[PDB]
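Below is one structure, written out as structure tokens; the observations come after it.
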Amino acid sequence: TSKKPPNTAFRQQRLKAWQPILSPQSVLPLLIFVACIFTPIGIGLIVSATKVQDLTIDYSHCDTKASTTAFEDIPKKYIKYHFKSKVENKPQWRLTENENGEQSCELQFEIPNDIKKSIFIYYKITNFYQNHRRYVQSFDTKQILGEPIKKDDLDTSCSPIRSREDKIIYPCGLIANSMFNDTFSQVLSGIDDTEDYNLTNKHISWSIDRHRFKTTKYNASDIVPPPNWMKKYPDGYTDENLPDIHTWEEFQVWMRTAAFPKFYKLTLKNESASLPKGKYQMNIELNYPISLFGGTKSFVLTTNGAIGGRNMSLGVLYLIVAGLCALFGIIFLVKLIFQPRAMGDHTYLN
Amino acid sequence: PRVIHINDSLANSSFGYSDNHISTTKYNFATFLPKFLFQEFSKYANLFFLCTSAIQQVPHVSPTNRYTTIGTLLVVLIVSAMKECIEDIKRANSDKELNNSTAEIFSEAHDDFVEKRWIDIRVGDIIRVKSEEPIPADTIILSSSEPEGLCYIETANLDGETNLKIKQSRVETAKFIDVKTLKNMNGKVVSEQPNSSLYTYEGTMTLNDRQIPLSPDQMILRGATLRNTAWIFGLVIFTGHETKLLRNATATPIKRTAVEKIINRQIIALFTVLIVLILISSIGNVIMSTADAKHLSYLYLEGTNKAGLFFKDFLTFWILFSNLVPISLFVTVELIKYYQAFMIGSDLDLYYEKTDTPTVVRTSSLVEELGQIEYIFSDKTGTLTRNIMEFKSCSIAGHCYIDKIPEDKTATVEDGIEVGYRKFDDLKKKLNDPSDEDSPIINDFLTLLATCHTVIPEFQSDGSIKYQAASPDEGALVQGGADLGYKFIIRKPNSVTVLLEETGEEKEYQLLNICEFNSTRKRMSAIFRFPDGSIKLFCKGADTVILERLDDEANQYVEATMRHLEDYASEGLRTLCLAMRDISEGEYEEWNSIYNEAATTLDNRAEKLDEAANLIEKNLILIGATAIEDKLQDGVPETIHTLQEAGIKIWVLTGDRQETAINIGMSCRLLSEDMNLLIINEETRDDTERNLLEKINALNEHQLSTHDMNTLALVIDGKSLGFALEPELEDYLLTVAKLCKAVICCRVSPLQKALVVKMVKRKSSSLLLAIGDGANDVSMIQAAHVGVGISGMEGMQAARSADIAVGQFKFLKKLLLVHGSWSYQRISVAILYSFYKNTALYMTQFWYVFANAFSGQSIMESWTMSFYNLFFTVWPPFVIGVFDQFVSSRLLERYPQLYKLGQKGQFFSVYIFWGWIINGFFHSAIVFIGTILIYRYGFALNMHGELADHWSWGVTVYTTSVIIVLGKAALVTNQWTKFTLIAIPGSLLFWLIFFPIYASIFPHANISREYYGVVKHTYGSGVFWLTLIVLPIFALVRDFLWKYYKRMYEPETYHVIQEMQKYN
Ligand SMILES: CCCCC/C=C/C/C=C\C/C=C\C/C=C\CCCC(=O)O[C@H](COC(=O)CCCCCCCCCCCCCCCCC)COP(=O)(O)O[C@@H]1[C@H](O)[C@@H](O)[C@H](OP(=O)(O)O)[C@@H](O)[C@H]1O
Ligand SMILES: *[C@@H]1O[C@H](CO)[C@@H](O[C@@H]2O[C@H](CO)[C@@H](O[C@@H]3O[C@H](CO)[C@@H](O)[C@H](O[C@@H]4O[C@H](CO)[C@@H](O)[C@H](O)[C@@H]4O)[C@@H]3O)[C@H](O)[C@H]2NC(C)=O)[C@H](O)[C@H]1NC(C)=O
Ligand SMILES: Nc1ncnc2c1ncn2[C@@H]1O[C@H](COP(=O)(O)OP(=O)(O)CP(=O)(O)O)[C@@H](O)[C@H]1O
Ligand SMILES: *[C@@H]1O[C@H](CO)[C@@H](O[C@@H]2O[C@H](CO)[C@@H](O)[C@H](O)[C@H]2NC(C)=O)[C@H](O)[C@H]1NC(C)=O
Ligand SMILES: *[C@@H]1O[C@H](CO)[C@@H](O[C@@H]2O[C@H](CO)[C@@H](O)[C@H](O)[C@H]2NC(C)=O)[C@H](O)[C@H]1NC(C)=O
Ligand SMILES: [Mg+2]
């Protein structure tokens, strides 16, 4: 019946604790230690990012601004390259067209040093916002897993490209429709006493993509290609022309929505042998027009880095942090030296 | 007409009257949602989020999942619901504990009273309530144990009156004393309807043959209490919520604080900036859709109708940005205030041992206001004093007597009229022998001490007799006569027995009539009949009323007694004058007929009785005066000085004269030996106006130095205060009161203290604190801002209606210095951090509209953003708002000037609000740019050349955001207890352990299909552990440096005090 409150350490707010002191002796060592630990990490990161030796060729406008009878030089405005040695011969290009007006761009460049690391080949697309809200979520996953989804059970995200001419569209999705279809030569054709260099076309997407993208079980009279697939797959889908999304890995790579309009898309790779120096040639079937999205396509050949590939943002951020720390520490030190506080007493400033 | 049978519980049940159960619960298991939902959806955040979730039901608009906002809303709703249910169960516990009590009901079959429960009582039952126990319901008395049929009820719950009321039964029905003869009475009671007018009843009780009338003279309400009677017989006529007192019960209005208004302004600012951001984003979207309509053709946009497209984009951005107003705040601050209210009534330093009464905080909505109080309207009797009385001195026949004579004036100087101090031994020596002339006056005094009172004595088994006195001064007068030698013993009705220890024989005096105490009379008169057969009148009262009604030609010692009232009033001791007169039978038989003239008028008793008594108090003979002292409470001279040191102007309201108030103020260390007293004692209203004008023009014409601005006090009387509070004159008193440091009001009417409080609070910006005792000043507490009720002996009426129940005045030194500074410093930081942690995260959704073509794409997941407000950022706020102390409580009472920091409003303002908001904006932009510079082309992985995606970057953004928020929280904390490590770093570890489990389990259930394989691309990637180290430090270095600079080179008072606490 005793209404006396308990007596302890918690009910009396008498818990043990520690109060942090912002004394300069407890602030300056912290900042100098942060600087001394961020400077080596920063220089190591910028050194690791310096070793990235890659190349990028803006092969756009090859249908109009490129020669036809011979390989004319590519303007320096487009070509970009970062190698251990200097480039002696300027990259060249030519326009070669065959039957049915199937134009193609033949690029020719020179690798001046043997690259020991593995090689990767992407296409960089600029001003193609994949992170758009109407673009990232507009694809069904059940049709990717491989099921005969009925017309009334289709995903509502792919609303415009849904059931054409009263026939269920197989790849209901804006990502599947606008697919990059510039077929690469799958091998770098060596020129002048230089052998070719084969490349791997599969095992490029994520593991979960290869594990989820299962071959469909549709027929051939109920599914129709999207409006952007009528050329390569004419007369609709058949029993043999029915694509297999489990092996067709480029489709799996393109479905992964990028983050910014300046992105890459893995197309070819080689991790089995080194790429020797010499002059190489690459054929690209000019099928994706740059006028559809207003940007600039580019063929990019890179290696691999412990952090990424030719980017110093981490290094410059480390350098900025270290510089701010080393500046403010010395500033406060000289401020307390040349003019101390001399205000430890209260002096009744109430 | 309410026809009520007497002796059959089946007959009155056909009417179907109410039962006896009292319902104090707010909710119920039957009708819970239709009221709780309407109560919850009444603020701003609740309705806003409800409209948001309602709009989030249209297709192709919601950027995230369809249930990302309703989840948190339902979570906080069920949290509020379970808290309300817990409080309802805690109230119903006491409800049932009060309702399951025992009560005795008559039985027709048993022909005797059976013991049952209170809830079983019906209208029409005959009950028998035992010795001094309260009445269960509104009963009409049938009989009683007293011979005539009277009883004494206490009405301290239905009024504030402290005396006992004589409720008597009719003599035509008081003959039913025995329980076995209760069955033979038949009849009905035609009662009135249920009302709330307490002092008016009308009924008609018909007995076996004819009807008797009823009246409020035999009506006992539920809040009353039986006293001085063995048992009574009552007939329940109103029960439950149909009584007179509990019919239309009062409701406490919503008491809002200034912090609530600042929160409202901050929420309005957040809504405005939200509208601005939405407008800017929609403008960007429409201009980019119109300007680049040719390049964005692969998306198959509309183009042909932009009126609907703009509205859809507006709705999308609204749904994306509606999380800028954190609904978690309205629950976090409420739980913090609830815990703070709990942590107040758990301190032993606020607990009274001599009474066993800790601090009881009834309302937790006014806890921070303890840190910003400027005025304190304190009472003298009960609050400052111990409310106990002790007979110290008497002055009779022109002499003066004390027991402990001090040596300053032990020598009676014989300066003509005798002034000085003599011992009580010489009082007994002039008392013993009958030959002295003054000894008949000494004995008429000493019988007036032991007979004129209204104390009911009682014996115990030990023999030490306990006196039951309605006022503690009369009880101290009786105990002073008892230990002086004239012990007062057994008091039966209409006679008084006195044990005389001088002779050893026990006398007796026949009490003829006593007239009750009245505040208009301030007298108490009692005619008596003696063993002599002679009739004498005894009268006690103040010196300001009875000295006009004497015969100054008869007595020769009036100047000595007036100088003894002058040196008594120079010590502040309350005094009473005692008068007597022999009367004859013929005038007593006429004043008896004047009393039966007042017995005929039951409609008018205040006007008739009291001035009908004053017909016979036209002349008296003075015996002398008495002096009862009231001891001051402990710590008060220190607490008041400490409160005045902090800069808190105190208004002391004393119900006495001017000199007594000045003396008790000088003794209480309220004033000083050099404090300018602006005495204002004038009667004419125009003269008071002229005095106020003279004071104000004498004060304004000259400058006020540092010593002059501090050494100023005001002293006002009752009439001057009543004439200075008019709507045309109160401004002068207000502008003259703000200049002084201590106000002392004297002779204040009870119903005017609330008037003063409402006058001060209606024309100022300060917060008041009304502390008092008894039901005489309850209106002062129910009208001020922060009410305080001291648990005392004058009745527990103020303790049940005050916001904070305190044992004594000593505790306030710790209630306003520590539990005010902390309660105002913690909530502000908590609210600022709650705003900052939300704005710093839910702003990247705006900085990202420059990269997704202003489409309104979510950067992070849908469920992770919702969990951010439930499982990751709800523990650091509670720790910084409850378990944090910026300064020790031991080094806080020593320097009360820190209270000024809370008295002005330095730790909580809209300027600091905008500062925290722009700091969050800066951090959001910093993390956004630092992430987009690293995740440039997405090629930041070394796993066989695989790339990142849209989600492995949003996860990094979210993780960096929560790390930076936790780092800022750690930088804000002041004390590193053992409960903080489980809040700030504990949340980080909880997230780092919960993310892989979630991303590995939940995606397999078609709930979060965006985390397929992100664990390898995040943890396995070397970029995560590097950005999580390079970005938080880069964002927190600025705050760290600014805090160090304000702590080192430009400190403040609390900075220096915390420095001295840390180093010493
Ligand atoms: C390449 C180098 C990079 C270097 C980066 C450096 C940036 C520094 C920027 C500004 C610092 C400027 C001067 C630094 C010198 C002094 C700073 C003064 C700071 C100041 O008193 O007011 C602050 C506002 O401060 C911002 O909220 C900060 C203002 C930020 C405003 C942001 C305006 C919008 C920016 C958006 C940019 C977006 C651009 C687009 C990018 C995205 C698209 C690409 C108030 O909040 P506060 O939480 O700190 O309050 C403090 C603090 O709580 C504590 O020290 C004190 O308590 P006590 O002493 O009792 O313990 C307290 O009394 C108070 O002083
Ligand atoms: C590589 O990817 C390129 C980008 O999608 C693609 O270029 C587009 O190809 C599609 C498919 O042919 C083109 O779409 C046709 O456009 C014409 C107008 O130029 C339309 O008339 C035509 O609709 C027709 O409708 C008829 C009645 O329904 C039907 O019978 C016809 O068969 C036909 O479907 C198509 O809508 C589009 O214009 C091309 N350019 C752009 C910028 O989209 C390449 O063909 C593709 N190449 C390969 C080898 O895959
Ligand atoms: N039985 C009594 N008969 C006549 N006068 C009494 C009295 N009891 C008190 N008084 C006087 O009435 C005056 C004021 O009215 P009241 O009786 O309500 O006392 P009070 O409310 O002022 C308590 P305090 O004096 O401690 O503030 C007191 O100063 C007192 O001298
Ligand atoms: C590895 O590279 C060789 C050439 O360097 C490839 O051989 C060519 O294959 C194509 C395929 O149609 C033929 O048209 C050429 O005539 C072949 N050239 C020679 C010289 O044999 C070989 O196919 C590559 N390996 C794989 C697995 O593709
Ligand atoms: C990676 O590139 C190397 C170099 O071209 C490939 O190795 C050649 O593979 C072809 C396959 O037909 C052989 O004919 C060549 O003899 C190989 N070159 C050497 C020097 O032995 C390798 O196959 C490529 N990796 C792939 C395609 O996965
Ligand atoms: Mg009082």
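Within each chain, counting starts at residue 1; across the structure tokens, chains are named A, B, ... in the order shown, with ligands numbered 1 upward in that order.
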Worksheet item: Using only C-alpha atoms and all ligand atoms, what are the residues with an atom within 8 Å of ligand 3, set out as a list in words?
Response: residues 380, 381, 382, 387, 453, 471, 473, 474, 517, 518, 519, 521, 522, 523, 524, 540, 541, 542, 574, 575, 576, 630, 654, 655 and 656 of chain B
Only N, CA and C atoms, please: the residues just picked out, written as a short mmCIF file (atom, residue, chain, number, x, y, z; two decimals), in the first residue's frame.
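Wrote again_37.cif, looks like this:
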```cif
data_model
loop_
_atom_site.label_atom_id
_atom_site.label_comp_id
_atom_site.auth_asym_id
_atom_site.auth_seq_id
_atom_site.Cartn_x
_atom_site.Cartn_y
_atom_site.Cartn_z
N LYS B 380 -0.73 32.29 0.62
CA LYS B 380 -0.01 32.35 1.89
C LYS B 380 -0.39 31.20 2.82
N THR B 381 -1.65 31.16 3.25
CA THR B 381 -2.11 30.14 4.18
C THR B 381 -2.31 28.83 3.44
N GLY B 382 -1.61 27.79 3.87
CA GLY B 382 -1.71 26.48 3.25
C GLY B 382 -0.56 26.19 2.31
N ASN B 387 -0.17 25.40 7.60
CA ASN B 387 -1.61 25.28 7.84
C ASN B 387 -1.94 24.79 9.24
N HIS B 453 -16.41 27.37 21.21
CA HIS B 453 -16.01 26.71 19.97
C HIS B 453 -17.09 25.74 19.53
N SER B 471 -12.03 24.09 12.33
CA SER B 471 -10.96 25.00 11.99
C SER B 471 -9.77 24.72 12.90
N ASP B 473 -7.47 26.59 14.11
CA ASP B 473 -7.17 27.57 15.14
C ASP B 473 -8.03 27.33 16.37
N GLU B 474 -9.30 26.97 16.18
CA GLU B 474 -10.12 26.64 17.34
C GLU B 474 -9.63 25.37 18.00
N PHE B 517 -20.81 30.43 11.60
CA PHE B 517 -19.81 31.33 11.02
C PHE B 517 -20.24 31.79 9.63
N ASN B 518 -19.97 33.06 9.34
CA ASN B 518 -20.26 33.66 8.04
C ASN B 518 -19.10 34.57 7.67
N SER B 519 -18.72 34.54 6.39
CA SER B 519 -17.68 35.44 5.91
C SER B 519 -18.14 36.89 5.84
N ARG B 521 -20.26 38.18 8.17
CA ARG B 521 -20.22 38.57 9.57
C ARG B 521 -18.79 38.64 10.11
N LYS B 522 -17.94 37.71 9.70
CA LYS B 522 -16.68 37.41 10.38
C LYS B 522 -16.83 37.42 11.90
N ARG B 523 -17.94 36.88 12.39
CA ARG B 523 -18.20 36.78 13.82
C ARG B 523 -18.61 35.36 14.15
N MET B 524 -18.72 35.07 15.45
CA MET B 524 -19.35 33.83 15.90
C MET B 524 -19.92 34.04 17.30
N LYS B 540 -16.99 35.91 19.43
CA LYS B 540 -15.60 36.00 18.99
C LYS B 540 -15.55 36.52 17.56
N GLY B 541 -14.55 37.35 17.28
CA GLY B 541 -14.46 37.90 15.93
C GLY B 541 -13.25 38.81 15.78
N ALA B 542 -13.13 39.37 14.58
CA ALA B 542 -11.98 40.22 14.29
C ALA B 542 -12.08 41.56 15.01
N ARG B 574 -2.14 36.04 13.62
CA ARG B 574 -3.57 36.28 13.53
C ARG B 574 -4.19 36.29 14.92
N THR B 575 -5.14 37.21 15.13
CA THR B 575 -5.72 37.44 16.44
C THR B 575 -7.24 37.50 16.34
N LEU B 576 -7.89 37.25 17.47
CA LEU B 576 -9.34 37.31 17.58
C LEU B 576 -9.71 37.93 18.92
N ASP B 630 1.03 30.57 13.12
CA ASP B 630 1.04 29.61 12.02
C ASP B 630 2.48 29.45 11.56
N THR B 654 -2.28 37.53 0.02
CA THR B 654 -2.58 37.28 1.42
C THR B 654 -3.97 37.82 1.74
N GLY B 655 -4.76 37.02 2.45
CA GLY B 655 -6.10 37.44 2.83
C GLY B 655 -6.15 38.15 4.17
N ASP B 656 -5.18 39.03 4.42
CA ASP B 656 -5.12 39.78 5.67
C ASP B 656 -4.96 41.26 5.34
#
```
Around ligand 1, out to 6 Å and counting only C-alpha atoms and all ligand atoms, which residues are there? I want them as an MDAnalysis selection string.
chainID B and resid 847 915:916 918:919 922 925 929 1039 1042:1043 1046:1047
Output the selection as a compact mmCIF listing (two decimals), in the first residue's frame - N, CA, C and O atoms for each residue.
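So the final result, stored in part-v3.txt, reads:
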```
# COMPACT_ATOMS: atom_id res chain seq x y z
N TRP B 847 15.68 16.06 -56.09
CA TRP B 847 16.91 16.29 -56.82
C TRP B 847 17.09 15.32 -57.98
O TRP B 847 17.90 15.57 -58.87
N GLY B 915 16.90 26.70 -40.30
CA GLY B 915 18.29 26.28 -40.33
C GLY B 915 18.44 24.78 -40.47
O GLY B 915 19.20 24.30 -41.32
N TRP B 916 17.72 24.01 -39.66
CA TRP B 916 17.75 22.56 -39.79
C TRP B 916 17.20 22.10 -41.14
O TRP B 916 17.72 21.15 -41.73
N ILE B 918 17.27 23.74 -44.09
CA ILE B 918 18.25 23.98 -45.15
C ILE B 918 19.48 23.10 -44.96
O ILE B 918 20.13 22.73 -45.94
N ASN B 919 19.81 22.73 -43.72
CA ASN B 919 20.89 21.77 -43.52
C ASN B 919 20.53 20.41 -44.10
O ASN B 919 21.36 19.75 -44.73
N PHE B 922 20.86 20.66 -47.82
CA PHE B 922 22.26 20.60 -48.20
C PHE B 922 22.77 19.16 -48.17
O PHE B 922 23.45 18.72 -49.10
N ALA B 925 21.24 17.19 -51.20
CA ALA B 925 21.91 17.51 -52.45
C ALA B 925 23.33 16.94 -52.48
O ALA B 925 23.79 16.47 -53.52
N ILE B 929 24.57 14.31 -55.37
CA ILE B 929 25.64 14.58 -56.33
C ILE B 929 26.79 13.60 -56.12
O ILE B 929 27.40 13.13 -57.10
N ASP B 1039 28.86 20.35 -39.91
CA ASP B 1039 28.19 20.45 -38.62
C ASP B 1039 29.18 20.27 -37.47
O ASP B 1039 29.10 20.98 -36.46
N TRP B 1042 31.20 23.53 -37.15
CA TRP B 1042 30.40 24.64 -36.63
C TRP B 1042 30.10 24.45 -35.15
O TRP B 1042 30.13 25.42 -34.37
N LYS B 1043 29.81 23.21 -34.73
CA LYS B 1043 29.60 22.96 -33.31
C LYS B 1043 30.87 23.22 -32.51
O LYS B 1043 30.81 23.82 -31.43
N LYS B 1046 31.26 27.07 -32.23
CA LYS B 1046 30.36 27.68 -31.25
C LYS B 1046 30.64 27.21 -29.83
O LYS B 1046 30.23 27.87 -28.88
N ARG B 1047 31.33 26.08 -29.67
CA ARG B 1047 31.72 25.63 -28.33
C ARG B 1047 33.03 26.23 -27.87
O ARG B 1047 33.26 26.37 -26.66
```
Ligand 6: which residues are within 10 Å, counting only C-alpha atoms and all ligand atoms? Reply as a list in words.
residues 378, 379, 380, 381, 382, 383, 384, 385, 387, 653, 654, 655, 771, 772, 773, 774, 775, 776, 777, 790, 792 and 794 of chain B
Any chance you can output those residues with C-alpha atoms as a compact mmCIF listing (two decimals), in the first residue's frame?
```
# COMPACT_ATOMS: atom_id res chain seq x y z
CA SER B 378 1.01 31.81 -4.82
CA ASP B 379 -1.13 31.67 -1.68
CA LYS B 380 -0.01 32.35 1.89
CA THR B 381 -2.11 30.14 4.18
CA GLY B 382 -1.71 26.48 3.25
CA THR B 383 0.96 27.05 0.61
CA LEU B 384 3.60 29.10 2.43
CA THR B 385 2.56 28.20 5.98
CA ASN B 387 -1.61 25.28 7.84
CA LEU B 653 -1.93 37.02 -2.33
CA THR B 654 -2.58 37.28 1.42
CA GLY B 655 -6.10 37.44 2.83
CA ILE B 771 -0.47 27.24 -6.84
CA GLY B 772 -2.92 27.12 -3.96
CA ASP B 773 -4.90 25.01 -1.53
CA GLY B 774 -8.53 24.39 -0.70
CA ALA B 775 -11.65 24.88 -2.79
CA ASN B 776 -11.60 28.65 -2.14
CA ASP B 777 -9.17 29.29 -5.02
CA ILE B 790 -0.75 21.22 -2.80
CA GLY B 792 -3.01 19.68 2.40
CA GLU B 794 -7.94 22.00 3.94
```
Between CA of residue 261 (chain A) and CA of residue 297 (chain B) lies a distance of 15.4 Å
List as an NGL selection string the protein and nucleic acid residues near residue 240 (chain B), meaning an atom at most 8 Å away when only C-alpha atoms are counted, but skip any in the same chain fewer than 4 places from it. :B and (18-22 or 137 or 246)
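Selecting all polymer residues at most 8 Å from ligand 4, using only C-alpha atoms and all ligand atoms, gives residues 186, 187, 189, 195, 196, 197, 198 and 199 of chain A.
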Give me the chain A side of the contact with ligand 5, cut-off 12 Å, one line per residue showing its nearest atom pair and distance in Å at one decimal, counting only C-alpha atoms and all ligand atoms, sorted by chain and residue number, as a tab-separated table.
```
residue	atom	partner	partner_atom_place_in_ligand_line	distance
A:115	CA	ligand 5	2 (O)	11.8
A:116	CA	ligand 5	2 (O)	11.7
A:117	CA	ligand 5	1 (C)	11.3
A:118	CA	ligand 5	1 (C)	8.6
A:119	CA	ligand 5	1 (C)	8.6
A:120	CA	ligand 5	1 (C)	10.6
A:186	CA	ligand 5	27 (C)	9.0
A:187	CA	ligand 5	5 (O)	8.2
A:188	CA	ligand 5	5 (O)	8.7
A:189	CA	ligand 5	5 (O)	10.2
A:190	CA	ligand 5	5 (O)	10.2
A:194	CA	ligand 5	5 (O)	10.8
A:195	CA	ligand 5	5 (O)	7.8
A:196	CA	ligand 5	5 (O)	6.1
A:197	CA	ligand 5	5 (O)	3.6
A:198	CA	ligand 5	5 (O)	4.3
A:199	CA	ligand 5	27 (C)	4.2
A:200	CA	ligand 5	28 (O)	4.3
A:201	CA	ligand 5	27 (C)	7.8
A:202	CA	ligand 5	28 (O)	8.7
A:203	CA	ligand 5	28 (O)	9.7
A:204	CA	ligand 5	28 (O)	11.2
A:268	CA	ligand 5	27 (C)	9.5
A:269	CA	ligand 5	28 (O)	7.6
A:270	CA	ligand 5	1 (C)	4.6
A:271	CA	ligand 5	1 (C)	6.1
A:272	CA	ligand 5	1 (C)	4.8
A:273	CA	ligand 5	3 (C)	4.8
A:274	CA	ligand 5	4 (C)	6.8
A:275	CA	ligand 5	4 (C)	6.8
A:276	CA	ligand 5	4 (C)	8.8
```
query: What residues have any atom no more than 10 Å from ligand 2 when counting only C-alpha atoms and all ligand atoms, and can you list them as a ChimeraX atom specification?
result: /A:102,164-165,177-183,225-236,285-293 /B:297-298
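Note that CA of residue 50 (chain B) and CA of residue 1011 (chain B) are 29.0 Å apart.
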For this session: Would you kindly return, as a ChimeraX atom specification, each protein, DNA or RNA residue with an atom no farther than 12 Å from any atom of residue 309 (chain B), considering only C-alpha atoms and excluding same-chain residues fewer than 3 positions away?
Result: /B:60-61,282-283,285-286,289-290,301-306,312-316,855
Name the residues in contact with residue 88 (chain B) at a cut-off of 10 Å, using only C-alpha atoms, excluding same-chain residues fewer than 3 positions from it; report them as a PyMOL selection string.
-> chain B and resi 24-28+82-85+91-93
Given the selection you just returned, output its residues as a file containing C-alpha atoms, formatted as an mmCIF file, in the first residue's frame.
```cif
data_model
loop_
_atom_site.group_PDB
_atom_site.id
_atom_site.type_symbol
_atom_site.label_atom_id
_atom_site.label_comp_id
_atom_site.auth_asym_id
_atom_site.auth_seq_id
_atom_site.Cartn_x
_atom_site.Cartn_y
_atom_site.Cartn_z
ATOM 1 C CA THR B 24 -15.714 6.924 -16.642
ATOM 2 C CA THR B 25 -14.237 5.134 -19.668
ATOM 3 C CA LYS B 26 -13.793 7.096 -22.881
ATOM 4 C CA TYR B 27 -14.208 4.146 -25.275
ATOM 5 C CA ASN B 28 -15.968 0.780 -25.258
ATOM 6 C CA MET B 82 -3.801 0.546 -28.194
ATOM 7 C CA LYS B 83 -2.598 3.462 -26.056
ATOM 8 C CA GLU B 84 -6.173 4.728 -25.710
ATOM 9 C CA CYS B 85 -7.290 1.191 -24.842
ATOM 10 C CA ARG B 91 -9.432 3.920 -15.797
ATOM 11 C CA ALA B 92 -11.919 1.028 -15.749
ATOM 12 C CA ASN B 93 -9.778 -0.710 -13.124
#
```
Pull the strand (DSSP E) assignments for region 433-609 of chain B out of DSSP run on the backbone, and list those residues as a ChimeraX atom specification. /B:456-458,466-468,486-492,495-500,506-514,523-529,535-541,574-583
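Of the residues listed (B:627, B:715, B:360, B:815), B:360 shows the shortest atom-to-atom separation from chain A; distances use only C-alpha atoms.
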Notebook entry, point to check: Can you list every residue in region 188-278 of chain A that DSSP puts in alpha helix (DSSP H), as an NGL selection string?
Noted result: :A and (207-212 or 249-255)
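By only C-alpha atoms, and with residues fewer than 4 positions from residue 142 (chain A) along its chain excluded, the set lying at most 10 Å from it is residues 146, 147, 148, 149, 154, 155, 212, 213 and 214 of chain A.
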Write to file, as a CSV table (one decimal), in the first residue's frame, the residues of the selection just made, with C-alpha atoms.
```
chain,number,residue,atom,x,y,z
A,146,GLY,CA,7.3,-18.3,-69.3
A,147,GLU,CA,3.6,-18.8,-68.9
A,148,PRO,CA,0.6,-18.5,-71.3
A,149,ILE,CA,-1.0,-15.5,-69.7
A,154,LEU,CA,-1.9,-9.1,-69.1
A,155,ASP,CA,0.0,-6.5,-67.1
A,212,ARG,CA,14.3,-16.4,-64.2
A,213,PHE,CA,14.2,-15.8,-68.0
A,214,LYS,CA,12.8,-19.2,-68.9
```
Env of region 665-670 of chain B: 9 Å cut, atoms = only C-alpha atoms, seq-sep filter 5 positions within chain, self excluded. Answer as a list in words.
residues 384, 632, 636, 637, 638, 640, 641, 644, 650, 652, 660, 742 and 744 of chain B
